[PDB]
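Order of the sequence lines sets the chain letters (A, B, ...), proteins ahead of strands, with each chain counted from 1.
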Amino acid sequence: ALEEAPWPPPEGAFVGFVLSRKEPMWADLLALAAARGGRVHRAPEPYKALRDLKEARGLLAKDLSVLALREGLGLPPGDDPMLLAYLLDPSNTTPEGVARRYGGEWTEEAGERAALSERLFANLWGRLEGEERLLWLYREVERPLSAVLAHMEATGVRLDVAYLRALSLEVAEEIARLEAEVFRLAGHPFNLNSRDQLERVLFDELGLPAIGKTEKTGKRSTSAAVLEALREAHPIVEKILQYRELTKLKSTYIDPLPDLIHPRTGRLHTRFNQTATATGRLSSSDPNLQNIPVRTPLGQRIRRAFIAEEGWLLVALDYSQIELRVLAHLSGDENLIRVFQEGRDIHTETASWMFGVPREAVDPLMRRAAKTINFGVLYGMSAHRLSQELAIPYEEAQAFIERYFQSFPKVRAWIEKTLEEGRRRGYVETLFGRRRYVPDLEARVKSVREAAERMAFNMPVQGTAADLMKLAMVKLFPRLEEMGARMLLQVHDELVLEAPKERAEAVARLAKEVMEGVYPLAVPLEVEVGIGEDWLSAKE
DNA sequence: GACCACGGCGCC
DNA sequence: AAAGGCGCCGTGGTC
Ligand SMILES: [Mg+2]
Ligand SMILES: [Mg+2]
């Protein structure tokens, strides 16, 4: 096949590499190679050879860049065929799949991976010709974002380990109180972590009424939704609900996170997966830092563990109602656009009609209720499902659905146009032309078809919000470098940065402006910003 | 030790 | 606490 030539490769070569494990912050670089111009070059010693590359160009380029950064080398990621394939079709999420589909095989040898990266890029680049909008997304968003993501991953975030270890002991004792009480109420001990055993106790032994069934295997459900509805049926239910919350938080965050501190950085390093979702969102794994608790009292105590470096502060920026602002722009609805242009709070307007009075002081709970209905109607829930899900008579539900769409006729028209076009072309698109293929828009099984319609009109909204955030990160990153600040985390419509204390206020101002002005829409974008020593404080 | 499907549930 | 989009936990089961 390719001609074998000595290391190092010429500039522009495609790289292949093998890691001992998937997480580049934790991986041993086992082998490194490069392919170009009909030649393949294999590195005698991979870590040393890393020093010869100017760019990581090839499949999974960002992963190699993260390892390089870990080793003190400023090796940026460049072209990556994964990103081309993901823009053609976001179900293209793995190198194994992308290779099979576009002209090779993903193996475990660096030379082969290098040669593969080269051929896949050639082929996929050809596919993106004529695709002007996908090309722009590649050049202006995805390719530059991979470098930003590489820096975020390699930087990591600081965690108060001692605090979490002390917290574990406290939660353990509370969990023991709950499980002892549950077993007494049951009349015998069992495995409270087993939903199958819990099912027998609740519905067979205590004879509580089963309310719902599980999706795939049709067992009587013990989900929080069922338990909430049985809260007053028996005192064991509230205890179980509390046990669920504590064990969830303890097993997922409190116990695992302290063990994941990197020995060299003394920080926690997530992976930001760039080709993992059907809508263009990022995902986070190993550990997932996009789902750190924030709602409950114990969740808030966990979030306080994420702290700024000594002498630095966290800066937290959140887009306000990005998805509804995107929907206003996509649909062109005059009335919805007027809402945002006039700084009015849409969920409060709906809370004036329902729960009113008063317009001035609707109160939190009623607004949360109005929000729930606004989005419910939006996702095409029936007057029946809304009336029963939201403890209100059937008539009220219908009235609100008609009002909602009489106020925003173009939102309805936009949803209808998007579904028809998805059916015809087989895909739907974000504002920037990112695509998702949704085949089941024609299924003859109504539950299947209707689930598809929800996916289909969700994608342009969630996906455009993702495009905007990604473009914002791409724009914001060089500015932070210049100011000596760091970008740490993204959580879909939020960013968390770290800045020296003397510069935190300027960083927050600047970041807020870059985010709000990322790509002007028919409505303003609003960003709320907070500064603090820890992630919870930085929003309070 | 690993994988899996599942139910369940943390976040946006 | 908006929940379509995710990733992780333990169970029960397999290999
Ligand atoms: Mg928010
Ligand atoms: Mg699942």
S.K.: Side chain of A:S251, heavy atoms from C-beta onward: which of B:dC11, C:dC9, C:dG12 has the nearest atom to it?
M.R.: C:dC9
S.K.: For DNA chain C, determine which residues of residues 414-451 of chain A have any heavy atom closer than 4.0 angstrom to one of its atoms, and list them numerically.
M.R.: A:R436
S.K.: With a cut-off of less than 4.0 Å, is there a side-chain N or O of A:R244 near OP1 or OP2 of B:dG8?
M.R.: no
S.K.: Would you kindly give the CG-to-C1' distance between A:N191 and C:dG12, to the nearest whole Å?
M.R.: 11 Å
S.K.: May I have the distance from A:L246 (atom CG) to B:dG8 (atom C1'), rounded to whole angstrom?
M.R.: 16 Å
S.K.: Quick one: which of C:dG7, B:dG8, B:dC11 gets closest to the side chain of A:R195?
M.R.: B:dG8
S.K.: When rounded to the nearest 0.5 angstrom, what distance separates CD in A:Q242 from CG in A:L298?
M.R.: 11.5 Å
S.K.: Separation of A:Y253 atom OH from B:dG10 atom P, in whole Å?
M.R.: 7 Å
S.K.: Output yes when at least one side-chain N/O atom of A:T279 is less than 4.0 Å from OP1 or OP2 of C:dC6, else no.
M.R.: no
S.K.: What's the closest nucleotide to the A:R368 side chain, out of C:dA1, B:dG8, C:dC9?
M.R.: C:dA1
S.K.: Under the salt bridge (charged side-chain N to carboxylate O under 4.0 Å, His left out) criterion, do A:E421 and A:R424 qualify, and how do the steps go?
M.R.: CA-CA 5 Å; A:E421 215 166 64; A:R424 176 168 43 77; 3.5 Å; yes
S.K.: Take the protein atom CE of A:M459 and the nucleotide atom P of C:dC6, then report the distance between them rounded to whole Å.
M.R.: 11 Å
S.K.: Counting just side-chain N and O atoms, does A:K248 come under 4.0 Å of either OP1 or OP2 of C:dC9?
M.R.: no
S.K.: Note down whether B:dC9 puckers north or south, where north is a positive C1'-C2'-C3'-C4' and south a negative one.
M.R.: south
S.K.: Looking at residues at least two apart in the chain, or sitting in another chain, which of them share a salt bridge (charged side-chain N to carboxylate O under 4.0 Å, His left out) with A:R304?
M.R.: none
S.K.: Looking only at side-chain N and O atoms, does A:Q197 come under 4.0 Å of OP1 or OP2 in C:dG12?
M.R.: yes
S.K.: On a whole-Å scale, what distance lies between the P atoms belonging to C:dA2 and B:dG8?
M.R.: 22 Å
S.K.: Is the closest basic N to carboxylate O distance between A:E228 and A:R231 below 4.0 Å?
M.R.: yes
S.K.: Could you tell me the separation between the CD atom of A:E494 and the P atom of C:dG5, rounded to a whole number of Å?
M.R.: 20 Å
S.K.: Look at the side chain of A:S194 and decide which nucleotide, out of C:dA2, B:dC9, C:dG12, has an atom nearest to it.
M.R.: C:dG12
S.K.: I'd like to know whether the aromatic ring centres of A:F477 and A:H151 sit less than 6.0 Å apart in this structure.
M.R.: yes
S.K.: Please look at the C1'-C2'-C3'-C4' dihedral of B:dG7 and say whether its sugar is north or south.
M.R.: south
S.K.: Touch check for A:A466, heavy atoms < 4.0 angstrom, all strands: base, sugar-phosphate only, or nothing?
M.R.: nothing
S.K.: Any non-hydrogen side-chain atom of A:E181 less than 4.5 Å from a side-chain atom of A:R177?
M.R.: no
S.K.: Which of these nucleotides, C:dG7, C:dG4, B:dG10, is closest to any side-chain atom of A:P293?
M.R.: B:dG10
S.K.: Check this one for me: any side-chain N or O of A:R454 less than 4.0 Å away from OP1 or OP2 of C:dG4?
M.R.: yes
S.K.: Is the distance from OP1 or OP2 of C:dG7 to the nearest side-chain N or O of A:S284 less than 4.0 Å?
M.R.: no
S.K.: Taking only side-chain nitrogens and oxygens of A:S223, does any of them come within less than 4.0 Å of OP1 or OP2 of B:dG7?
M.R.: no
S.K.: May I ask you to check whether A:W26 and A:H262 place their ring centres under 6.0 Å from each other?
M.R.: yes
S.K.: What about A:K216, does its side chain sit under 3.5 Å from the base of B:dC6 through a donor-acceptor pair?
M.R.: no
S.K.: Is the A:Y404-A:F408 ring centre distance short of 6.0 angstrom?
M.R.: yes
S.K.: Nearest-Å distance, CG (A:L327) to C1' (C:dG4)?
M.R.: 14 Å
S.K.: Specify the separation, in whole Å, of atom CD1 of A:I373 and atom P of C:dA3.
M.R.: 13 Å
S.K.: Side-chain donor or acceptor of A:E389 under 3.5 Å from a matching atom on the base of C:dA3?
M.R.: no
S.K.: A:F340 and A:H329: aromatic ring centres closer than 6.0 Å?
M.R.: no
S.K.: Using the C1'-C2'-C3'-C4' sign, is C:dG7 on the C3'-endo (north) or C2'-endo (south) side?
M.R.: south
S.K.: Could you work out which one of C:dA2, C:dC8, C:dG5 sits closest to the side chain of A:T372?
M.R.: C:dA2
S.K.: Under 4.0 Å between a side-chain N/O of A:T217 and OP1 or OP2 of B:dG7, yes or no?
M.R.: yes
S.K.: Please tell me which of the listed nucleotides, C:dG4, B:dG7, C:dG7, lies nearest to the side chain of A:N458?
M.R.: C:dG4
S.K.: Look at all strands and tell whether A:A465 reaches a base, only sugar-phosphate, or nothing, counting heavy atoms closer than 4.0 Å.
M.R.: nothing
S.K.: Does C:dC6 have its OP1 or OP2 closer than 4.0 Å to a side-chain nitrogen or oxygen of A:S285?
M.R.: no
S.K.: Between A:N193 and A:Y379, just flag the one whose closest nucleotide in DNA chain C comes earlier from the 5' side.
M.R.: A:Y379
S.K.: Without decimals, in angstroms, what is the distance between A:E23 CD and C:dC8 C1'?
M.R.: 14 Å
S.K.: Applying salt bridge (charged side-chain N to carboxylate O under 4.0 Å, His left out) to A:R344 and A:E349, what does each step give before you reach the verdict?
M.R.: CA-CA 8 Å; A:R344 284 150 42 175; A:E349 310 296 355; 3.5 Å; yes
S.K.: At under 4.0 Å between heavy atoms, what does A:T222 touch on the DNA or RNA strands: base, sugar-phosphate, or nothing?
M.R.: sugar-phosphate
